[PDB]
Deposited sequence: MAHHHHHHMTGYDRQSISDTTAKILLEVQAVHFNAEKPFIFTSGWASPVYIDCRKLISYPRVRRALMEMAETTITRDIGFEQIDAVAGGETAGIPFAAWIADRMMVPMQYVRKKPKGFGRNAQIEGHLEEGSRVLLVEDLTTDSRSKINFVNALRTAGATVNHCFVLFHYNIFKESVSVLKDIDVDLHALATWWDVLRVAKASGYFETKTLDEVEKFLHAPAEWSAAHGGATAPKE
């Protein structure tokens, strides 16, 4: 459902707002602390068939356009949230699928990885969303310990409100690819006109300075 980056992001934002995977609440923030007015549950997108089909089509388009057609030999999912999306992407791309556990279960170079992973394979990490890309280090290092070549990471949603969201993965030579960001959702919601002005202003203030807003509203 899109061709260029902007259309893909707009379609992703519309999909997220339509299935109510994105929630806004400025009066009662969503609190592990970190009170925020925005809540996202990308795991609801697996319960809507047309939505997930469109999202996977756009995911394949993004992977082909930004990475390459013959640069990925396997698709590895996250712990439990990115496994369905990884499975669908692997089926579309006709590549082997693996998934990486959060904690090792056993001894060896393939303890964290479930599935068959050939030596030297080029693996693409796929999970639902990122906030700081700090949970990405464990999975990338687990895949690299087993011999895979991890240089690209795909996620449905990217917060893009923290400075080290993309620099952390770049320092370990991993590129972050995302279908949409919080700014795209904010722009689509502002254009739609179904949200009150005060709520959108509060959301914009939070997205500009996340830590300051969180600390000053119950963090």
Checklist entry - Which regions of the deposited sequence are unaccounted for in the modelled residues, listed N- to C-terminal? => result 1-9, 41-42, 231-236
